[PDB]
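This is what each chain is made of:
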Amino acid sequence: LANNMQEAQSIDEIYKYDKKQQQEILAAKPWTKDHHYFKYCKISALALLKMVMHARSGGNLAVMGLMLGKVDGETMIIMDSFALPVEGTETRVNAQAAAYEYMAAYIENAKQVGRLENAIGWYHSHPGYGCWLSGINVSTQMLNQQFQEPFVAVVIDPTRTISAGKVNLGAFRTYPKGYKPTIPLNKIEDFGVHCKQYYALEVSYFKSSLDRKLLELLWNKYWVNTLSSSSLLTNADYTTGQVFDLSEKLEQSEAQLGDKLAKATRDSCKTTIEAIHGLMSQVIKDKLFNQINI
Amino acid sequence: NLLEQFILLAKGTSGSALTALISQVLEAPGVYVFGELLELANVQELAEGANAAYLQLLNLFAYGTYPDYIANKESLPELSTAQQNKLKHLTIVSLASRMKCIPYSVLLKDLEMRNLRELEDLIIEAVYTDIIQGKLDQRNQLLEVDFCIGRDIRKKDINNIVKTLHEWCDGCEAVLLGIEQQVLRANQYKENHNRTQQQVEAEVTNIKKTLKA
Amino acid sequence: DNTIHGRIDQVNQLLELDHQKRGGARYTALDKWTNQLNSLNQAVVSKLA
Amino acid sequence: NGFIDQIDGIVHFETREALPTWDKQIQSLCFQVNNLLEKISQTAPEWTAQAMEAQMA
Amino acid sequence: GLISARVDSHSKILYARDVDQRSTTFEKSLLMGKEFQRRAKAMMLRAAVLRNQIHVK
Amino acid sequence: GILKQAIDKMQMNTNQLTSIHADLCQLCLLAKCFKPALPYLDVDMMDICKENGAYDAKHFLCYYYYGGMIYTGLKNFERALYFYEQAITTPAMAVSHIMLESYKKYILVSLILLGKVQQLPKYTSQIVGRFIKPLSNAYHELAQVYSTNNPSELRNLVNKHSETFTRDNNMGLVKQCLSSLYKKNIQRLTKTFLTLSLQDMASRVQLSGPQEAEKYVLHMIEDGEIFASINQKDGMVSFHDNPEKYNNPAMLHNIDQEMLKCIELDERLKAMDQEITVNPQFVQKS
Amino acid sequence: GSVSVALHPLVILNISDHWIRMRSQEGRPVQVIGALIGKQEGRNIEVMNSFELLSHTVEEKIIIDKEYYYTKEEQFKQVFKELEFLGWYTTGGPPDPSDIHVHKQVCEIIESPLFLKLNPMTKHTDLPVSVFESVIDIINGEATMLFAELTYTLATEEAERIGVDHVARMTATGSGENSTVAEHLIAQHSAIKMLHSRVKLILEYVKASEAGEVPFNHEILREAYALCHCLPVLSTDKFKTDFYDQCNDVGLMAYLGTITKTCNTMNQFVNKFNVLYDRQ
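Asker: Explain the overall build of chain B here, please?
Answerer: Regarding its fold elements, chain B presents nine helices and three strands. Taken from the N to the C terminus, the helices and strands of chain B come in the order α-α-α-α-α-α-β-α-α-β-β-α. Computed over the C-alpha atoms, the radius of gyration of chain B is 31 Å, more than 25% above the 17 Å expected from 2.2 N^0.38 for a compact globule of 213 residues. Overall size of chain B, expressed as C-alpha extent along the three principal axes, is 115 × 45 × 30 Å. Burial analysis of chain B (213 residues in total) assigns 38% to the buried set. Sequence-distant contacts, at least 24 apart, represent 55% of the contacts inside chain B between residues at least 6 apart. As displayed, chain B offers around 11800 Å² of accessible surface, 52% of which is attributable to carbon and sulfur atoms. Considering chain B, the positive charge centre built from 22 side chains and the negative charge centre built from 28 side chains are found 11 Å apart.

Asker: Whenever I open this one, helix α4 (residues 135-147) of chain A confuses me. Can you help?
Answerer: The α-helix advances 3.6 residues per turn, and as a result positions three or four apart in sequence lie on the same side. Residue and element names in this part refer to chain A. Restricting attention to buried positions, one finds in α4 the residues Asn137, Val138, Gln141, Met142, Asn144 and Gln145. For α4, the arc enclosing every buried residue in end-on projection is 165°, short of the 170-degree limit, so these residues lie on one face. Along its buried surface, α4 packs onto β4 (118-125), β5 (153-156), β6 (169-174) and β7 (198-200).

Asker: What exactly am I supposed to notice about the packing of helix α5 (residues 77-88) of chain F against helix α6 (residues 97-113) of chain F here?
Answerer: In a pair of packed helices, the angle between the axes and the distance between the axes together describe the arrangement. All names here are of chain F. For the pair α5 and α6, interaxial distance at closest approach is 9 Å and the crossing angle is 145°. Seen from above, α5 lies across α6 with left-handed handedness. For the pair formed by α5 and α6, the contact residues are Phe77, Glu78, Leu81, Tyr84, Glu85, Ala87 and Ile88 on the first element and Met99, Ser102, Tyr103, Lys105, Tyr106, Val109, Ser110, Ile112 and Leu113 on the second.

Asker: Explain a nonpolar patch on the surface to me, please; I cannot follow it from the model alone.
Answerer: Judged by side-chain polarity, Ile4, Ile8, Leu15 and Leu17 of chain C come together as a nonpolar surface patch covering roughly 460 Å² of accessible area. Locating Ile4 of chain C in the fold gives a position in the segment before β1 (6-9).

Asker: Quick question: what am I supposed to make of the sheet that holds strand β2 (residues 13-16) of chain E here?
Answerer: Across a sheet, strands are paired by hydrogen bonds formed along the backbone, either parallel or antiparallel in direction. Strand order in the open sheet made by the five strands is β2(E)-β1(E)-β1(F)-β3(F)-β2(F), with mixed pairing throughout. Of all the strands in the sheet, just β2 of chain E together with β2 (229-231) of chain F have a single pairing partner and so form its edges. If you compare each strand with its neighbour and ignore which way they point, the axes differ by 25° on average. By the bridge criterion, four bridges tie strand β1 (residues 5-8) of chain E to β2 of chain E in an arrangement that is antiparallel. Following the sheet pairing, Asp8 of chain E is matched in β2 of chain E by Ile13 of chain E. Seen against the sheet, helix α13 (residues 210-223) of chain F touches β2 and β3 (236-238) of chain F and runs at an angle of roughly 145° to β2 of chain F.

Asker: Can you walk me through the interface of chain A and chain G in this structure?
Answerer: By a frequent convention, interface size equals the accessible area lost on bringing the separate parts together. Facing the 80 residues of chain A at the interface are 75 residues of chain G. Of the roughly 7200 Å² buried at the junction of chain A and chain G (both faces included), carbon and sulfur atoms supply 69%. In terms of surface lost to chain G, no three residues of chain A exceed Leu49, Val113 and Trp223 of chain A, which account for 9% of the buried area on that side. Across the chain A-chain G interface, the total number found is two salt bridges. Notably, a salt bridge pairs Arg23 of chain G with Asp12 of chain A, separated by 2.9 Å at the nearest N-O pair. On inspection of chain A and its partner chain G, the count reaches nine residue pairs in polar contact.

Asker: Even after reading the chapter, I still don't get the packing of aromatic side chains, so can you show me in this structure?
Answerer: Given two aromatic rings, their pairing is described by the distance between the two centres and the angle made by the two planes. Under the counting rule described, the total for this entry stands at 35 aromatic pairs over all chains. Seen from their ring centres, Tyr63 of chain F and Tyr64 of chain F are 5.0 Å apart, and the 80° between their planes marks the pair as edge-to-face. For the pair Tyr63 of chain F and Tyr64 of chain F, a shared accessibility class is recorded, and that class is buried. These aromatic residues form a ring-pair network of at least three members: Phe60, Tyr63, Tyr64, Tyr71, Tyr82 and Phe83 of chain F. The residue whose ring lies beneath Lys285 of chain A is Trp22 of chain D, and the NZ or CZ to ring-centre distance is 5.3 Å. Taking NZ or CZ as reference, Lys41 of chain E lies 4.8 Å from the ring centre of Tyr82 of chain F, over its face.

Asker: Would you mind going over the environment of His194 of chain A with me for this structure?
Answerer: All names here are of chain A. Here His194 is to be found in the loop between α6 (186-189) and β7. According to the relative accessible area criterion, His194 is partly exposed, its value standing at 28%. Here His194 is in contact with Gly135 and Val138, once residues within four sequence places are set aside.

Asker: I would appreciate a short explanation of the nonpolar core in the present structure.
Answerer: Nonpolar side chains in soluble globular proteins tend to be buried together. Counting residues in hydrophobic clusters, the biggest one holds 96 residues, and the most contacted among them are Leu227 of chain A, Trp168 of chain B together with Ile202 of chain G. Per element, the largest residue contribution to this core is 15 residues, and it comes from helix α7 (residues 237-276) of chain G. When residues no more than four places from it in sequence are discounted, the contact partners of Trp168 of chain B are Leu288, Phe289 and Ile292 of chain A, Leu29 and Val33 of chain D together with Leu195, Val199 and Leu231 of chain G. Judged by nonpolar contacts, the second largest core, of 66 residues, contains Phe34, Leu61, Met99 and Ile112 of chain F.

Asker: Teacher, can you tell me more about the interface of chain G and chain F here?
Answerer: Each side of the interface is counted separately: chain G has 22 residues, and chain F has 22 residues. Overall, the association of chain G and chain F removes approximately 2100 Å² of surface from exposure, summing both partners, and the carbon and sulfur fraction of that is 68%. Remark: the boundary between chain G and chain F carries one salt bridge. The partner of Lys272 of chain G in a salt bridge is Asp273 of chain F, and the shortest N-O contact between them spans 3.9 Å. Seen at the junction of chain G and chain F, the total is two residue pairs in polar contact. For the side of chain G that touches chain F, a count of residues per class yields eleven nonpolar, seven polar and four charged.

Asker: Sorry, what's going on with the pairing of β1 of chain E here?
Answerer: Each regular strand shows side chains that alternate between the opposite faces of the sheet. Counted between consecutive antiparallel strands, the loop separating β1 of chain E from β2 of chain E contains four residues, among which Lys12 of chain E sits at a positive phi close to 55°. For β1 of chain E and strand β1 (residues 193-197) of chain F, the ladder comprises two bridges, and the chain directions are parallel. Looking at the pairing, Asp8 of chain E lines up with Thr195 of chain F of β1 of chain F.

Asker: In this structure, what is going on with the packing of helix α4 (residues 57-73) of chain F against α5 of chain F? I would like to understand it.
Answerer: All names here are of chain F. At their nearest, the axes of α4 and α5 sit 8 Å apart, and the two run at 165° to each other. With respect to α5, the axis of α4 lies roughly antiparallel. Seen from above, α4 lies across α5 with left-handed handedness. Along its contact with α4, which presents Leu61, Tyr63, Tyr64, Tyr65, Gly67, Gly68, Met69, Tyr71 and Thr72, the element α5 presents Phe77, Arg79, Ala80, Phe83, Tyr84, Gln86 and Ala87.

Asker: Can you help me understand the arrangement of the chains in this one?
Answerer: The structure contains 15 pairs of chains in contact, of which chains A and G account for the largest number of contacts. Without any contact between them, chain D and chain F keep their closest C-alpha atoms 15 Å apart.

Asker: Please explain a positive patch on the surface as it appears in this structure.
Answerer: Together, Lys116, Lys184, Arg188 and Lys191 of chain F make up a positively charged patch on the protein surface. For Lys191 of chain F, the position within the fold is in the loop between α11 (174-190) and β1.

Asker: Got a minute to help me understand the side chain of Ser230 of chain A in this structure?
Answerer: As for its position among the elements, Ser230 of chain A is in the loop between α8 (223-227) and α9 (236-257). Relative accessible area serves as the criterion here: at 11%, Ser230 of chain A is assigned to the buried category. One polar contact links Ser230 of chain A to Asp23 of chain D, side chain to side chain, over a distance of 2.9 Å. Ignoring sequence-local partners within four residues, the contact set of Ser230 of chain A consists of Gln282 and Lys285 of chain A together with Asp23 of chain D.

Asker: Would you take a moment to explain the pairing of strand β1 (residues 40-44) of chain A for this structure?
Answerer: All names here are of chain A. With five bridges connecting them, β1 and strand β8 (residues 202-206) associate as parallel partners. Pairing of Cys41 across the sheet is with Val203, part of β8. Inspection of the sheet shows β1 paired to strand β3 (residues 75-83) by four bridges, in the parallel sense. Looking across to β3, one finds that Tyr40 is bridged to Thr75.

Asker: I'm lost on the pattern of salt bridges in this one. Help?
Answerer: Residue and element names in this part refer to chain A. Throughout the structure, instances matching the rule amount to 36 salt bridges over all chains. The partner of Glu74 in a salt bridge is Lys39, and the shortest N-O contact between them spans 3.1 Å. You can see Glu74 sitting in the loop between β2 (64-72) and β3 and its partner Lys39 sitting in the loop between α1 (19-28) and β1, a full 35 residues away along the chain. According to the relative accessible area criterion, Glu74 is partly exposed, its value standing at 31%. On the basis of relative accessibility, which here comes to 38%, the residue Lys39 falls in the partly exposed class.

Parameters at a glance
Residues numbered from 1 in each chain as written, not as in the entry; some residues may be left out. Chains lettered and ligands numbered in written order. Part of a larger assembly, values for the part shown. Heavy atoms only, no water. Helix = DSSP H or I, 4+ residues; strand = E, 2+ residues; numbered from the N terminus. Rg over C-alpha atoms; globule rule 2.2 N^0.38 Å. Buried < 20%, exposed > 50% of the residue type's maximum accessible area, 1.4 Å probe, protein only. Contact = heavy atoms within 4.5 Å. Areas by Shrake-Rupley, 256 points an atom, 1.4 Å probe, with all protein chains shown as cover. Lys, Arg positive; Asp, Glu negative; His and termini not counted. Charge placed at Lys NZ, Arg CZ, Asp CG, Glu CD. Arc of directions from axis to C-beta. Axes fitted to C-alpha atoms, helices over the stretch in contact; angles between N-to-C directions. Left-handed = near helix turned anticlockwise from the far one by under 90°. Patch = residues over 30% accessible without salt bridge, like charges linked within 9 Å, V, L, I, M, F, W, Y side chains within 5 Å. Salt bridge = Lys/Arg side-chain N within 4 Å of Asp/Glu carboxyl O. Pairing = 2+ DSSP bridges. Buried area = accessible area lost by both parts, 1.4 Å probe. Polar contact = N/O pair within 3.5 Å; in protein donor to acceptor, adjacent residues only side chain to side chain. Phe/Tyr/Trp six-rings, centres within 6.5 Å; stacked < 30°, edge-to-face > 60°. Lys NZ or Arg CZ within 6 Å of the ring centre and 35° of its normal. Core = buried A, V, L, I, M, F, W, Y, C linked by side-chain atoms within 4.5 Å. Nonpolar A, V, L, I, M, F, W, Y, C, P; charged D, E, K, R; others polar. Parallel < 35°, antiparallel > 145°, perpendicular 65-115°, else oblique.

The following block contains the structure:
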């Protein structure tokens, strides 16, 4: 924990809110020009944890809520998530009367304490029903996007997440009216009949310096799973798939050349860095264990 | 375990009864490490007299192996099948302690048996009693051991193991140091590159020049 | 007819099955990348000059 | 589970793959270290407490 | 290249040939790297001679 | 040695081609001294000093031509081919005898090293394909005869056009091609057979004798171009083509060396690119 | 002891986010204060959530707002049903009389308030989170009050475990000015450090046993012998061949992957040269 910096780190400016910049970016409205504008959604660790806990706590029923944050450039930042007092069946949720009063009161109370962020989106949980936009979510997301432009639909699946051990969070945004534009068919199948109406987004997560510092001492028995990590063995299929997509991207960039090369180089660097990190861990293990009593 | 009852019931006995209890312990199934028994005062004082052969047999069972037993076959008293089986199992444990890949020829030489079937049966019955765990292989004629019990240790050999542990610690330290060096260098590289980026900053100064012209 | 996965050793009168061909497809993938890179190299060496 | 090679008359039941065995043995070593430390703490709580206190500082 | 086989003209036997995937992949990748390095070292000289504008007048 | 001493103390950086390089290469070629000039040719030469306009194009064409001869005297055909390719691809819209000779020697070296003439890069000057090729015609038909894979006809073709080769001072390069045709045929034989009789090999490669075929195979085994063994009990030759398994630290070292070379190349390219961006020549409103 | 308290790995994240957000907003580090919620089952107290609280300052005294607390208590009951006020938290180091004053003021709300202390500016590897319990002693005269230290647990839900593991295994949060090599090597360094500490403790114990200053245990010594007779783990030739094969494969994957980056730099350089040096 020493021989480094302990003050405001380079992962804390993401948590800083600038009112003037947000006002300028809201007045600019760069989203209306290119409709494929937003492509990245950065969610805080706290927001994701709260969303997953609330979705799982609902049991087999469906739950819904809001999420705060802001928007910068080509990315949407989602910082906090607060639930709603909704009473939904196994398929549909309504949020009839007490949900909106809760929204207004909670936003006002949060602004009282110091929460300077505004509402940035809504989320609703599919209890084992995959991760896609239904014919009602599409309509309500279009309704929200028509007037409150900075918005995003987050879909979470609690049952599948708890059964498979991996979170299933999907960020989506709807195209406006009249916007038309051995390989698996899941690309069309896993979406509803409105597959051409909405498009997904790249979901990433971030955490603060204090978040990582406190989570470093979260538990002191994963060291065994790190020493006997067995890297380059549990994700070989991942690396082969990455190599295949990298070859496809290289072919596309070569066709274009005859700026697309930048993302291909980035993907290649990422895959190679992962492989080199795995080899480094294996070399460290070999030096630690097998180089003793020779 | 089981040796606790034996030592408790043999605490208050001495003489030929002590030798009988020692023989019963050596014949008792499920007992493979006779460490606490040797600490008894009666067994220690048994050295002087006409029954030193039993103490020598106990020491051989605790530390020695089958070739050591066959070296002084005449000196030691006769043993039954259970004692010989236990001695062979302890010899297998001692061999597996040094190397984790025991050739068949070495086992045949030390255990003094002819047929390969007998050796395989002995190894299997030693695996059954859970002293060792491993797999035999007839294609290459070798036994691979994944885990073996810790045999008895003498009082003066403890420093030995201590030394080895010390070595391991040292190695760990070295690795840690190396890692630190590596990361430091990496960070330096990054910062150096950032310096080059700041040199690109000077470029916009030239842009100011094209403002004049 | 692709109903039996094996070959016949006629000299020794043997039939060898197919307990082989493990997950080496990764190598195949790498091969693809190789040739792609080759082409792209030319496209940079004779792009314009 | 296993196959049969008839000319050699050998039934192969199973075979390890080296590196997974390496990881398993490393895990067993770590488990042995943890168990030994737990037993050491159980037998002499005050001595191990003093030793950990001295090592921490 | 129609049929992958090898002829043994001692007992007159046609053996089947199995290609080693890993070795072939490594060899062709090394060949590609060598060719790319040669092309780069040629192009750098080409660019240098273009900067000086060398031609026979 | 005078010019070797002068180069280090007169030119700026070890990667800088100067006119005196051509003079020193000419001196080494004319004096039959090939060793002292080696360190001055192994290093790839990048950037050319302006010499205040005194560096004529001819001095460039000579340096990559005469030096090429050096690499054909030390049996380093790869670097000779590279030097000839660099000499050919010089942009110049005027016929020069140096370019013609470099083209002829490039054809000969490509025929010796490989089984075919390597394709010249398409960015070369179009004068090579308009005036250079028609004048150098005997070498093209020699390449065609080599590619048709008939060792008997190559000797007859060499005999027919002996005066052209002797006029251009090439007696010693085409003969090497004729000799290497047999090695190429033997290697192609190894591409198909696994165990071959010496008489059968002599008949297929037209070596006219089992003893001569055995001697050729032994020489090629010594040189390392082929992987084979000879059993004299039956006069047979077997092929064991399992040289490398990629499971040794030697290949790790080779990959490390390739990585180091690639990294150095990338750093040099990045430095040159960042040096280029200073000039205000363009990028005003775009 | 006292009342067994069960802490979830969501309160601590709430406190950390609170501290980070207010420190970023105010520029300088500050002190944050809130309120915990949970359940009371017999002799067991469980804290599972927390919400922020508003506090004002009168010279030196810190006064917790009561009307805002009441509105928040009425609001949070709609979403969470079996949740009740349990205690209150703050961020700070050693205990302070300001904390005792705040706890005494807060005591007017619930009978047995807890006291969760978080250390955001810790300077050691000691646990930064400490659960304190303030029970009113029967000491007469001056109220000599020392909050009893509590050994809290880490009771956690299944979805909470999944989310906590996902955030713990996160690595893309940085990869900016700090090299990813540093982040990859830090985990290995920490794991090796903990293993080295454990083996150092074992070495110290065996050194003490061989010294004779501690009772001689015949079982732990033989267990140590069994452990120490297996450090060269799986030193067979097949393992060495597999290790070399893996190293060669990763080296090839690095070569194919440095070549493409060099080619991309090539393309950028040639593009720059073909505009800023090419004569139209």
